[PDB]
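In: structure for the following, please:
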Amino acid sequence: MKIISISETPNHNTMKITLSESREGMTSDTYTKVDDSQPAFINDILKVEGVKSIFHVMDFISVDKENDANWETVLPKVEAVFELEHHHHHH
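Out: Residues are numbered from 1 along each chain as shown. You can find the structure just below:
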């Protein structure tokens, strides 16, 4: 799953992540707990402090965090997660 861009939503407690590559199946689903049935990315994101719940559909992900948590900390990490494998460079 490679990020194209991350946008805001009507509910500021969750962010919208637009992907080029999506889940094996681009059907809708909801993940709240860490487990093997989730994408590696989704597990990491869940483990990120502040992240409350994740919703997947089509080719974008809605990531919702707790009221106390701030996107200043969380979002950068979430973005990194997808980059972990899809990192690009010119070394």
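
In: contacts, neighbours, all on C-alpha from now
Out: Will do.

In: how about the CA coordinates for the longest helix that the chain contains, as PDB?
Out: Identified as the longest helix of the chain according to DSSP state H is helix 71-86. Only the C-alpha atoms of helix 71-86 are listed here, as PDB (Å, rounded to 0.1, in the frame of the first residue of the first chain):
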ATOM      1  CA  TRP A  71      -2.000  14.300  14.600                       C
ATOM      2  CA  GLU A  72       1.200  16.200  15.100                       C
ATOM      3  CA  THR A  73       2.600  13.000  16.600                       C
ATOM      4  CA  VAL A  74       0.400  10.300  15.200                       C
ATOM      5  CA  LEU A  75       0.000  11.200  11.500                       C
ATOM      6  CA  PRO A  76       3.700  11.400  10.600                       C
ATOM      7  CA  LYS A  77       4.100   7.900  12.000                       C
ATOM      8  CA  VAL A  78       1.100   6.500  10.200                       C
ATOM      9  CA  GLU A  79       2.500   7.900   6.900                       C
ATOM     10  CA  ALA A  80       5.900   6.400   7.700                       C
ATOM     11  CA  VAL A  81       4.200   2.900   8.100                       C
ATOM     12  CA  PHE A  82       3.200   2.800   4.400                       C
ATOM     13  CA  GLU A  83       6.600   4.200   3.500                       C
ATOM     14  CA  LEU A  84       8.400   1.400   5.300                       C
ATOM     15  CA  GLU A  85       8.200  -0.900   2.200                       C
ATOM     16  CA  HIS A  86       7.400   1.800  -0.400                       C
END
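
In: residues making contact with the one helix or strand residue 63 maps to?
Out: Using DSSP states H and E, residue 63 maps to strand 60-65. Residues from elsewhere that reach strand 60-65 (Cα atoms under 8 Å, 6 or more residues apart in numbering): 13-19, 22, 50-56.

In: now do it against helix 71-86, angle only.
Out: 140 degrees (axes from the mean of the first three to the mean of the last three Cα atoms, to 10 degrees).

In: would you check which pair of the contacts of strand 60-65 lies furthest apart?
Out: 22 and 50 (23.1 Å; Cα to Cα).

In: residue 59 reaches residue 18, doesn't it?
Out: Yes: the criterion here is Cα atoms under 8 Å, and residue 59 meets it with residue 18 at 6.6 Å.
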